[PDB]
Amino acid sequence: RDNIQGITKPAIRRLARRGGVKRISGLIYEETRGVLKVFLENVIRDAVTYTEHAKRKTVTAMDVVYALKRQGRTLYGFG
Amino acid sequence: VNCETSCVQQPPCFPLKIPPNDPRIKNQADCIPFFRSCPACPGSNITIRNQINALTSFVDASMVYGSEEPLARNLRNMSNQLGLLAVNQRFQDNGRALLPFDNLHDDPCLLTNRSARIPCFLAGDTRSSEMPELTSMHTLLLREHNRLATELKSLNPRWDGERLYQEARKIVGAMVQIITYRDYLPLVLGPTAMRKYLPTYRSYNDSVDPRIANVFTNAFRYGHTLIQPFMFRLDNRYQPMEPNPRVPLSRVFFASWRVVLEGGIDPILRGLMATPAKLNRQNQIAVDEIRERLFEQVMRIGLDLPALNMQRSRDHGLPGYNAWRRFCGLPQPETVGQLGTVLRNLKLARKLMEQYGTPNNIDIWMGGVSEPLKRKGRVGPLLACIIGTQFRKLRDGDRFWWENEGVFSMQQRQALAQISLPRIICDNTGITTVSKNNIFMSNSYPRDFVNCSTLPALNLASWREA
Amino acid sequence: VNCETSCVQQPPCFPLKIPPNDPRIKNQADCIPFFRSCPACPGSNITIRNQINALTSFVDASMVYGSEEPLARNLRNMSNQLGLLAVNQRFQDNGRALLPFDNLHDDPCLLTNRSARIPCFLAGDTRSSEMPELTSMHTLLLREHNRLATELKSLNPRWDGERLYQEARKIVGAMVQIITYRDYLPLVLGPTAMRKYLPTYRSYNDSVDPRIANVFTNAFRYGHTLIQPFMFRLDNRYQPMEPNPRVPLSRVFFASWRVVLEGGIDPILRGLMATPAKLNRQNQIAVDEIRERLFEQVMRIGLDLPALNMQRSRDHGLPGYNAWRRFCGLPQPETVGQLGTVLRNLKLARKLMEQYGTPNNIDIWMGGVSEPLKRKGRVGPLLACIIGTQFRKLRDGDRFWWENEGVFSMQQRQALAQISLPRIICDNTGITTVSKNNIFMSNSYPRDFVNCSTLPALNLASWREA
Amino acid sequence: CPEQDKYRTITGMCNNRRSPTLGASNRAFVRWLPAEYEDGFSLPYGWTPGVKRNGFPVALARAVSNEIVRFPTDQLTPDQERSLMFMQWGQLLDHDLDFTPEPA
Amino acid sequence: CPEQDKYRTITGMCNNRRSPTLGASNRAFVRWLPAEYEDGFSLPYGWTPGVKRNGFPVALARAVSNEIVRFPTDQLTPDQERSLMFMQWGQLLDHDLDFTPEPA
Amino acid sequence: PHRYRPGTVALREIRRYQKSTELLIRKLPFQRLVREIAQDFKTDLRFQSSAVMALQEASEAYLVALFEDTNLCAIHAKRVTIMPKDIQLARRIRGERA
Amino acid sequence: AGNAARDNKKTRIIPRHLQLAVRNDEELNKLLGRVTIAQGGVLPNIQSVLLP
Ligand SMILES: *[C@@H]1O[C@H](CO[C@@H]2O[C@@H](C)[C@@H](O)[C@@H](O)[C@@H]2O)[C@@H](O[C@@H]2O[C@H](CO)[C@@H](O[C@@H]3O[C@H](CO[C@H]4O[C@H](CO)[C@@H](O)[C@H](O)[C@@H]4O)[C@@H](O)[C@H](O[C@H]4O[C@H](CO)[C@@H](O)[C@H](O)[C@@H]4O)[C@@H]3O)[C@H](O)[C@H]2NC(C)=O)[C@H](O)[C@H]1NC(C)=O
Ligand SMILES: *[C@@H]1O[C@H](CO[C@@H]2O[C@@H](C)[C@@H](O)[C@@H](O)[C@@H]2O)[C@@H](O[C@@H]2O[C@H](CO)[C@@H](O[C@@H]3O[C@H](CO[C@H]4O[C@H](CO)[C@@H](O)[C@H](O)[C@@H]4O)[C@@H](O)[C@H](O[C@H]4O[C@H](CO)[C@@H](O)[C@H](O)[C@@H]4O)[C@@H]3O)[C@H](O)[C@H]2NC(C)=O)[C@H](O)[C@H]1NC(C)=O
Ligand code: HEM
Ligand code: HEM
Ligand SMILES: *[C@@H]1O[C@H](CO)[C@@H](O)[C@H](O)[C@H]1NC(C)=O
Ligand SMILES: *[C@@H]1O[C@H](CO)[C@@H](O)[C@H](O)[C@H]1NC(C)=O
Ligand SMILES: *[C@@H]1O[C@H](CO)[C@@H](O)[C@H](O)[C@H]1NC(C)=O
Ligand SMILES: *[C@@H]1O[C@H](CO)[C@@H](O)[C@H](O)[C@H]1NC(C)=O
Ligand SMILES: [Ca+2]
Ligand SMILES: [Ca+2]
Ligand SMILES: [Cl-]
Ligand SMILES: [Cl-]
């Protein structure tokens, strides 16, 4: 299960271009993959905790929204 | 080459020509008298024609104290050392002060009443003698200055006449600025335009140009759409005051005898406070009192105020509607459909297209007053932009702004923050029941009226010098 | 009072006062003559004083055709219908045309060297008489217009004089615009400043003001820091031309006799192309030739160009250095240290502090030329901002811009994009070896010089009327 | 202009210590846009008959007021959120700010 | 002025059709910033002795040129990336753009 | 053989992607990564489509902001190339790895 | 947001217009500082040093 490589180098390059980055080093992609993995781990852990507390086997959008809001990353558009 | 009697288009006369089938003027040979504004420097073929502003652009209550040294000196009471302003030596309003009479060779005031023989009034501005509401305002401000000087003399007996005059004038100017920028402009522009064009005050830019724009003198005439066709007078119970409770506006122009011999300024102030204004609608712009019978008594023929506005805009050489929409960063319509979408009234767009032929040729006043009003506002986006820019420049570019450091002390600023036009009306008149906060919104008696004693008073103890 | 001979401060004289211990003027009661610029409309106590621009602000080669109807009519070759410009009727440069002679009551050119008695040249501007390089430029442009008219007549025999003259003028103006906005301005502002202030051309604003700013007339004098103290002449082999290969600049002011009697304009153009300009440095701003001996031969006393610039900036009422830094959105220093960091020079900042006292009082020219040069540029950020703004307004506000739609056909624009100043020089002069691309950057022989049979010529086939 | 002053001057001078005439009385207006006259500098539009503005004829001001501004008085709509005090203070402030003199 | 044109007017009139004066000859300059005069409108700084600008005395232009501008000519350095053609074209362009007249 | 400069296409992409609102990461790989990560906390988990969409939006916004801060850090060090030390410094100053 | 949509020649308000409205206003940006708007994009901004 190696799915962190699913975030390809062109995708990271596109995300950097949206951020105004002109030139990218070759070692940036691994660092970005690690940062994304850490962020997703935290958010998903909080969402799964919220889901278990609700006695459910399905992760809903409200759980993710609450998990993001708990981290000071309020997200608008999903409830 | 007298413009008020001759219709020949010779300078400085720029008469208005009568279109065919005019409802009021049946003779095309006649015309509306009109005077071109004085050029900045006459006879110059090199400079583009520009107009002169005869008053200080700052909000410094120059309508009470004047903008020229001889007039300002003549407006004061030099018979003493209390620093008061001159008051009427012949008439009083129930024992209260009245504006001094003014001596002009051609006085329109005695033309309305040839029996009263009451001349025009003397104030900081020569237009103070139109119409009894404005005269009531001028008298109220005069009384307020006199009362402030009296209280300051009571607090500081060591101060001389010049010091009393200067301090009272400072307080009156600060009061005018506070009332204008706290009660009036939010209602004019609306919260969106107020926040966009007049942000929080920070400090004094000396780099901001405080001059009055040429377009502002024609964009601020949006108030001609708020004019009611009557003058209302109310008694102590805010009931119609007999006789003549509702007087046509054509019978009040340049009529100071109504202020003098008809009960003073208290009924006029009550009517101003307790009467709704006129809403500006795209099919109801200006009443016929100012459109057909303006200055009828004092002139050979009635004037047309909107027509005068647009003819003055043409005389001043102002750009068209599209140029000012581009100036303010707004989309500029080009066809009848785009103009209808912008104006939200398609029939008005057809009428404007028929009259002018292109949106670029629409006069600034007409396009400004034909636009839909902003939410919680009374001007269109273009007029709101112009007015907000001008007042932001007048506020940030003023060195003696009351909030600027060094002008008023912190205690003085906090004391001035407690003022209100209702309190001034309570203090300087015999009116005991007065509308609540935001006097420009309360208009129905007795739902939004309180007793005069509940209004906090201005505490001048911070002005004591020791 | 004659400002040339007197030293009193009566209008219209604004003479320069001599500081104690002047290295050249040992008489403190003497003065440097100075004339106040003509006001826009004189004698007015209402309008703030403003100056007059006597030329068209557009880049239309008005230095060759003139900005007035009578001068333009006098500058033409009206003896026939070939649409040519008037040429000199007494002297020729090896069989080539010369500028027509002018007729002035007082002629500065005659004073320079009286035996020849050669008056000033007549062209589209009154200042072409100064400098043999400038006279060479004017002669080259006149020859180019004549050649263009001849070629157009050859292609279209049916065209009359007026059409030929107008078309040749159009092509000359387009060439001037191309050379200015493609080769000169990038070398002035630099890459980043050119990108910021002069982006790619899009279309024609009619809402952009094309007027020349008052500050621009003083800010564009940065070229006084690029003036070499001498005049150079190289022969066909690009070797010094005997006699007088290196002549002091004080002997060439209004010395049109040098142009007429010393080889024409070819050696002058060779010297311009094959020598390096002076580098502007914070401690090497301006040379002594224009600092002590300006107009020495013609005037009673040598003028001083930088002091003239400062006195003209004061005469025009221009704001200080900090005001223009604020205008361009740049930080405004207030102390000696802040000015030192701004200028990257603590000693120069200290000298400016001692002379002026505050950065708010530093003249626009002095502060602008004291700033460090931009990368690959020749001006500081403030001068770059002012110049870029002015030229962007000139380009966007010009209806007859060469890239504007409807001015030229696509084939005509494709042909015009190939022009270059070295090509003009070869077509209109006898020089057979000219500098490479970007003539303003190539200054070394024979490295950067090529035979100009290799430069493509302008193709007029797209101008043929089918 | 005095280095220190406690109060405004009546004529409005010396309010801006860099350009003392900014905001003073008897001074020309400031133009936010270049003026648009018939001949370019002095003649207003509609002065000379037959001259069009931007390719279209200039409408008479009285005709525009007749066609657009005119409306029956009896259909007047009162303002339930404003009073006549609003309009009166507007006029007073306008008389504070600006005044364009005309020849007598 | 004519509705349709093919060439520039020699004066510069009606280049901008909305405001024909803009860009023409024998017209006043535009002001990007308000003028700063000694008396406010006409007198330059340094006219009457003893009047200070921004609280500081007005320096003589000749004195400033003597102190800051002056430098020994023999220490001149040439520009390796420019030629005298650069400054000559600059002067020609300046003479194209503007010229402020002075009284005779 | 028209070849652009090594910086022209980068600026073109910067202008293109700063004007759009789409998602720059393919949806299926991100969904697979999210499921793989969630496998570490609770087996046999079901995900709503809106949950995965919200996670993707939050991750993309976080990465874009982090890259803006990283660009600021790189420009501070007189560079135009984005390097991992810039990311580490930005994360420290933000308070994430601090 | 409606002004932003009008500036883009659009009839409807999409989340992009909401993001443009929020991020271009200093006080609204301060209020919604830690708030992510879905499908809102980012403000077009390129650093000066990266320009050619
Ligand atoms: C053709 O050019 C037109 C003019 O172009 C000018 O010159 C060229 C060479 C460029 O430098 C260009 O940038 C110049 O503007 C151009 O129309 C112009 O459009 C701009 C942007 O919409 C207008 O600016 C807006 O003006 C008003 C008022 O503010 C100004 O005036 C007051 C008084 O003078 C000053 O105090 C101000 O500082 C400004 O100078 C405002 O509505 C607005 O600011 C507010 O709004 C924006 C967004 O709405 C906010 O970001 C701000 O913070 C404010 O809240 C703008 O400043 C400009 O007036 C207008 N010029 C003219 C002469 O009408 C046009 O777009 C070009 N055409 C094409 C097709 O590109
Ligand atoms: C005190 O106020 C000063 C003036 O304030 C003005 O009036 C008040 C009431 C407000 O409306 C305020 O917004 C107004 O600006 C103020 O100084 C002002 O600072 C601005 C921003 O620095 C200056 O604008 C810059 O000007 C130049 C030139 O462009 C202008 O002029 C030309 C010619 O008229 C026009 O064609 C243009 O459209 C502009 O109008 C430029 O250098 C610059 O634009 C470029 O640079 C910026 C980066 O700095 C980029 O973002 C742009 O995209 C451009 O690349 C600015 O437009 C303004 O000239 C200046 N005004 C004056 C009178 O000096 C000051 O900041 C206030 N002080 C404090 C402490 O608050
Ligand atoms: C009794 C009330 C009023 C009278 C007699 C009156 C009449 C006039 C007249 C005849 C003019 C000259 C031509 C012109 O309109 O441009 C004028 C100008 C003006 N009006 Fe009014 N109007 C009244 C109400 C208002 C109101 C309510 C406002 C604003 C809220 C206003 C604002 C202005 C301004 C700013 C001017 C410019 C001054 C000038 O050009 O001399 N007026 N007024
Ligand atoms: C041989 C070359 C030059 C001569 C004889 C010369 C001389 C002069 C003189 C006498 C003035 C008027 C002084 C004053 O009004 O204060 C002047 C002004 C001026 N100069 Fe020069 N200068 C030269 C080089 C340059 C260069 C290289 C440039 C620009 C690149 C330039 C740009 C200007 C401008 C724009 C003016 C303003 C016109 C005016 O003030 O009336 N000059 N020059
Ligand atoms: C001046 O004030 C006194 C009271 O101090 C008053 O009696 C007198 O009438 C006033 N004079 C004028 C001309 O207003
Ligand atoms: C004129 O004033 C007198 C009082 O002096 C009054 O009786 C009369 O009715 C007035 N005339 C009109 C027409 O209002
Ligand atoms: C006009 O051109 C002709 C032919 O080139 C020439 O001989 C003549 O001198 C010119 N006239 C003037 C006045 O320069
Ligand atoms: C003046 O002109 C004559 C030619 O007529 C020339 O020989 C002489 O050298 C010139 N004078 C100077 C001082 O150069
Ligand atoms: Ca005032
Ligand atoms: Ca020109
Ligand atoms: Cl204006
Ligand atoms: Cl200026």
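Residue numbers (the authors' numbering), protein chains in the order written: chain B, 23 to 101; chain L, 113 to 578; chain N, 113 to 578; chain K, 1 to 104; chain M, 1 to 104; chain A, 38 to 135; chain G, 66 to 117. The beta-carbon is built from N, C-alpha and C at its ideal position, and this holds for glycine as well.
Fill in: Residue interval of the beta strand (DSSP E) (run including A389/N)
Going by DSSP, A389/N is part of the beta strand (DSSP E) stretching over 388-390.
Fill in: Cβ contact (3+ pairs, closer than 8 angstroms) linking the stretch 180-198 of chain L and the stretch 301-318 of chain L
Flag = no, the stretch 180-198 of chain L and the stretch 301-318 of chain L do not touch.
Worksheet item: Looking at chain B, which residues of the stretch 75-102 of chain G have a Cβ within less than 9 angstroms of any of its Cβ atoms?
Response: Correct list: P80, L83, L97, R99, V100, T101, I102.
Worksheet entry | Span of the beta strand (DSSP E) around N563/L | Unbroken beta strand (DSSP E) run through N563/L: 561-563.
Practice prompt. Using a cut-off of 8 angstroms between C-beta atoms, extract the partners of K79/B located in chain A.
Written response: The contacting residues are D81, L82, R83.
Fill in: Residue span of the beta strand (DSSP E) that contains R358/L, given as start and end
Per DSSP, the continuous beta strand (DSSP E) segment holding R358/L begins and ends at 358-360.
Fill in: 7 angstroms Cβ cut-off: residues of chain N touching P103/M
Near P103/M (Cβ distances below 7 angstroms), the residues of chain N are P124, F147, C150.
Item to complete: Taking all protein chains shown into account, decide if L96/G is buried (16 or more other Cβ within 10 angstroms of its Cβ) or exposed.
Response: Result: exposed.
Fill in: Counterpart residues of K129/N in DSSP-defined beta bridges
The partner list for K129/N (beta bridge, DSSP) reads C143/N.
Practice prompt. Please state if the CB of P471/L and the CB of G432/L are separated by a distance shorter than 9 angstroms.
Written response: In this structure, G432/L sits near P471/L, with a CB-CB distance shorter than 9 angstroms.
Worksheet item: Tell me, which residues are paired with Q163/N by DSSP?
Response: In DSSP, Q163/N forms a bridge with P151/N.
Discussion item. Which residues in chain K have a C-beta closer than 7 angstroms to the C-beta of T159/N? List them in chain order.
Written reply: Going along chain K in sequence order, the residues near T159/N (Cβ under 7 angstroms) are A28.
Worksheet entry | beta strand (DSSP E) segments (min. 3 residues) lying fully within the stretch 538-576 of chain L | Those beta strand (DSSP E) runs which fall completely within the stretch 538-576 of chain L and span 3+ residues are 545-547, 561-563.
Worksheet item: From the DSSP output, which residues share a beta bridge with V491/L?
Response: Residue pairing by DSSP leaves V491/L without any beta bridge partner.
Fill in: Nearest residue (CA-CA) to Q423/L, options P44/K, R8/K, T73/K
Taking only the C-alpha atoms, the option nearest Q423/L is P44/K.
Worksheet item: So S87/A packs on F100/B, CB below 8 angstroms; how close in whole Å?
Response: About 6 angstroms; that satisfies the 8 angstroms criterion.
Worksheet item: Considering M120/A, what are the terminal residues of the alpha helix (DSSP H) in which it resides?
Response: From DSSP, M120/A is part of no alpha helix (DSSP H); its letter is neither H nor E.
Fill in: Under 7 angstroms by beta carbon: chain M residues contacting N555/N
Counting only Cβ-Cβ distances below 7 angstroms, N555/N has contacts in chain M at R82, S83, in chain order.
Practice prompt. Take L485/N and list the residues in its own chain whose beta-carbon comes closer than 8 angstroms to its own, dropping the five residues that flank it on each side.
Written response: Excluding positions up to five away in sequence, the list reads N392, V491, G492.
Worksheet item: In chain N, which residues lie less than 8 angstroms from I164/L when you measure between Cβ atoms?
Response: Listed by position along chain N, the residues whose Cβ is nearer than 8 angstroms to that of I164/L are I158.
Discussion item. Residues in the same chain with beta-carbon distance under 6 angstroms from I283/L, minus the five sequence neighbours each way, listed in chain order, please.
Written reply: Apart from the 5 residues on each side of it in sequence, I283/L sits with its Cβ closer than 6 angstroms to the Cβ of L260 in its chain, given in chain order.
Worksheet entry | Chain-order list of residues whose beta-carbon lies under 6 angstroms from that of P568/L (same chain, five-residue window excluded) | Around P568/L: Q530.
Discussion item. For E67/K, would you say it is in contact with chain L, using Cβ-to-Cβ distances shorter than 9 angstroms as the test?
Written reply: Interface residue, yes.
Worksheet item: Which of the residues in the stretch 307-340 of chain L, read from start to end, lie with their CB under 7 angstroms from any CB of chain M?
Response: For the stretch 307-340 of chain L, the set of positions with a beta-carbon nearer than 7 angstroms to some beta-carbon of chain M reads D321 in chain order.
Worksheet item: Listed by chain order, which residues have C-beta atoms less than 6 angstroms from any heavy atom of ligand 6?
Response: Here the residues come out as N225/L, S227/L, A228/L, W369/L, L373/L.
Worksheet item: Got a sec: does ligand 12 put a non-hydrogen atom nearer than 8 angstroms to the Cβ of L430/N?
Response: Yes - ligand 12 has a heavy atom lying nearer than 8 angstroms to the Cβ of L430/N.
Fill in: Inter-residue Cα distance where the pair is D475/N and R426/N
Cα-Cα distance, rounded: 8 angstroms.
Fill in: Beta carbon shell of ligand 7 at less than 5 angstroms from a heavy atom
Taken from the N-terminal end onward, the list reads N189/N, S191/N, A198/N, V199/N.
Worksheet item: What in chain A is Cβ-close to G67/G, meaning under 9 angstroms?
Response: Result: empty, since nearest Cβ-Cβ is about 18 angstroms, beyond 9 angstroms.
Worksheet entry | Cα-Cα separation, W513/L to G375/L | So the two alpha carbons sit approximately 37 angstroms from each other.
Worksheet entry | Under the three-state DSSP convention, the category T96/B falls into | Strand at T96/B.
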